[PDB]
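Read off the chains here:
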Amino acid sequence: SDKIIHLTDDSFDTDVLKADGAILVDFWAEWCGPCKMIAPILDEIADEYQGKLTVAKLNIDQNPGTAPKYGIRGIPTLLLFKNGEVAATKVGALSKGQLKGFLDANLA
Ligand SMILES: [Cu+2]
Ligand SMILES: [Cu+2]
């Protein structure tokens, strides 16, 4: 959890929309089973992609305002932003290999 940015509804604009470069945002909640499975994978990816990608999390129970702005209707949802704009998204459980495939297809 040492390389994961903690987001809130209040900080989302500064931390995500005003960040330079690429940021992967995980929308999650404690009641979401697949969210728990992907959490350690996100730590691995935050290290492996350090320098090319920042990884962030937003808990939708505690910060319920942001997900509706992206039409998010299921979790986990991963949003990949580049320079403040969504480039690609993924909904649902995925393996480490699927996550790396998603990132490699969207990051140089
Ligand atoms: Cu960590
Ligand atoms: Cu918090």
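As drawn, each chain counts its residues from 1 in written sequence order, possibly unlike the entry's numbers, and residues without coordinates are not displayed. Whichever chain is written first becomes A and whichever ligand is written first becomes 1, with later ones labelled in order. Heavy atoms throughout the structure, all of them, feed into the side-chain values; hydrogens and water do not.

Per the deposited record, the coordinates in this entry were obtained by X-ray crystallography to a resolution of 1.3100 Å.

A separate point is the state of the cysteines. Sulfur atoms of two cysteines make up a disulfide when they are within 2.5 Å. Considering all chains together, one arrives at one disulfide under this definition. Note on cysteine connectivity: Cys32 is disulfide-linked to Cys35, with sulfurs 2.1 Å apart. The S-S bond linking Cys32 to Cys35 shows a torsion near 80°; that makes this disulfide right-handed. Take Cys32: its relative accessible area is 3%, and that puts it in the buried class. Type-normalised accessible area, obtained with a 1.4 Å probe on protein chains alone, sets the label of each residue: buried when under 20%, exposed when over 50%, and partly exposed for intermediate values. With relative accessibility at 4%, the residue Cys35 sits in the buried group.

Our focus in this paragraph is the pattern of salt bridges. Basic side-chain nitrogens of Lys or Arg form a salt bridge, by our definition, when they fall within 4 Å of a carboxyl oxygen of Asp or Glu. In the structure shown here, the tally under the stated rule is five salt bridges. A salt bridge links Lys3 to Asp47; the nearest nitrogen and oxygen atoms lie 3.9 Å apart. One end of the pair, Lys3, is in the segment before β1 (4-6); the other, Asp47, is in helix α2 (residues 33-48), and 44 residues separate them in sequence. A salt bridge links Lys96 to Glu44, with the nearest nitrogen and oxygen atoms 3.3 Å apart. Taken together, the residues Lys96 in helix α3 (residues 96-106) and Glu44 in helix α2 connect sequence positions 52 residues apart. By relative accessible area, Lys96 is classed as partly exposed at 28%. One continuous salt-bridge network, built from bridges that share partners, spans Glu44, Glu48, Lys96 and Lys100. Secondary structure is summarised from DSSP: a helix means a run of H or I of at least four residues, a strand means a run of E of at least two, and numbering begins at the N terminus for each.

All right, on to the UniProt feature "active site" (unreviewed entry) in the chain then. The positions that UniProt labels "active site" (unreviewed entry) are, in the present scheme, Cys32 and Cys35. Positionally, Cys32 belongs in the loop between β2 (22-28) and α2. Only heavy atoms matter for contacts: two residues are in contact if any of them lie within 4.5 Å across the pair. If we skip the residues at most four places from it in the chain, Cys32 touches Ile75 and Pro76. Its place among the elements puts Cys35 in helix α2. Non-local contacts of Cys35, meaning those with residues more than four positions away in its chain, are made with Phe27, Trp28, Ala29, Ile75 and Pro76. UniProt positions are given in the numbering used here, feature names are shortened, and annotations may be inferred rather than shown by experiment.

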